[PDB]
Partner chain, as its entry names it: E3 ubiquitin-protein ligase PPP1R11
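What follows is a single chain, given as structure tokens, in the form deposited without its partner chain.
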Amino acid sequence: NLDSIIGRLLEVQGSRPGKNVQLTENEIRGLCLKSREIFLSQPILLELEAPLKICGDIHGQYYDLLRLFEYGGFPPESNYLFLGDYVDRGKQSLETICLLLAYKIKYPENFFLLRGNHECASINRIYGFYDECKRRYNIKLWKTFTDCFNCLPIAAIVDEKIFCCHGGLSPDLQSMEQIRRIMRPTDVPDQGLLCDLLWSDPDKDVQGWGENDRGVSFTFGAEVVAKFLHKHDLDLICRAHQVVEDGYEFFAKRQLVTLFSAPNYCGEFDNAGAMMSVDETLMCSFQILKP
């Protein structure tokens, strides 16, 4: 009953933020199981074509997810690539992931979700998604989401020129074949290629690879980016994973962009959200959502 699920998720459009949508347990379990098989049938390194809308972190800010679709166009009017970190911190992670999974099932060739570092049980145990599942449903449903997260794809290349992933580059990343050989389902390890793709950050003050203040993975400098793009015949890295005041922010003379789609992020920041449009000529533009 996929249309009924989407209809009830969208009903709270225009409402005051916070109003819950409580689907049944069996509906939610259905969403995980069907989306999981779609994720596994599709490559772990997606090959996408413009036109596309690209969105960064959401973190359970469900009313801002609805805002994004209002600006970008509700599926299937636009094609979407999300870069991860759907859950934790916000008050409505369940509504957020459920609508994203519902859209992946309904439009499986035009709607895409990458894995962020919060799509990992050990992380979202700490940062709120476990608690939200336990309170509103039960722990077994959280384990069902985990099994589904473990199958998400990790990266995307749009029209052979834009490399997308949640976190960033890896010192272990020599060829795109290494990403394609990552076996799913898997948990995110504490180090290595999959970790770095989900966890690394650019840094304006590092030359080469540096220690990451997060305590996980690395920072990389502008020269790492330029070498990567030249080596792989790419034009742009598109990533998320860090809040930026204007919703998007360029790095390395516009060779990398950070996208963040949760305005007024977890109430603490006064940032805009942004969504990047890529048209058929690979021109990029940004739609801005102020707090």
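C-alpha atoms forming the largest set that superposes within 1.5 Å between two forms make up the rigid core. Only residues modelled in both forms are compared. Residue numbers count along the first chain shown, from 1.
Omitted from view is the form deposited with its partner chain bound, to which the following refers.
Quiz item: Which residue, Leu152, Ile162, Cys98, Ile105, has a heavy atom that falls within 4.5 Å of its partner chain in the bound PDB entry?
Solution: Comparing distances to its partner chain in the bound PDB entry, the residue within 4.5 Å is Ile162.
Practice problem: Please check if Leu31 has a heavy atom lying within 4.5 Å of any heavy atom of its partner chain in the bound PDB entry. | Solution: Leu31 lies outside the contact set for its partner chain.
Practice problem: Consider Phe112 of the chain shown here, and say whether it contacts its partner chain in the bound PDB entry, taking contact as heavy atoms within 4.5 Å. | Solution: Flag for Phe112 set to yes.
Quiz item: So in the bound PDB entry, does any heavy atom of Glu223 sit within 4.5 Å of its partner chain?
Solution: No, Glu223 is distant from the partner.
Practice problem: Superpose on the rigid core, then report which one of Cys266, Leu46, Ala222, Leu234 has a CA displacement of at least 2 angstroms between the shown form and the other one. | Solution: So the only displaced C-alpha belongs to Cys266.
Quiz item: For residues shared by both forms, which stretches of 3 or more shift their Cα by 2 Å or more between the shown form and the other one, once the core is superposed?
Solution: When the rigid core is held fixed, residues 266-269 make up the only run that shifts.
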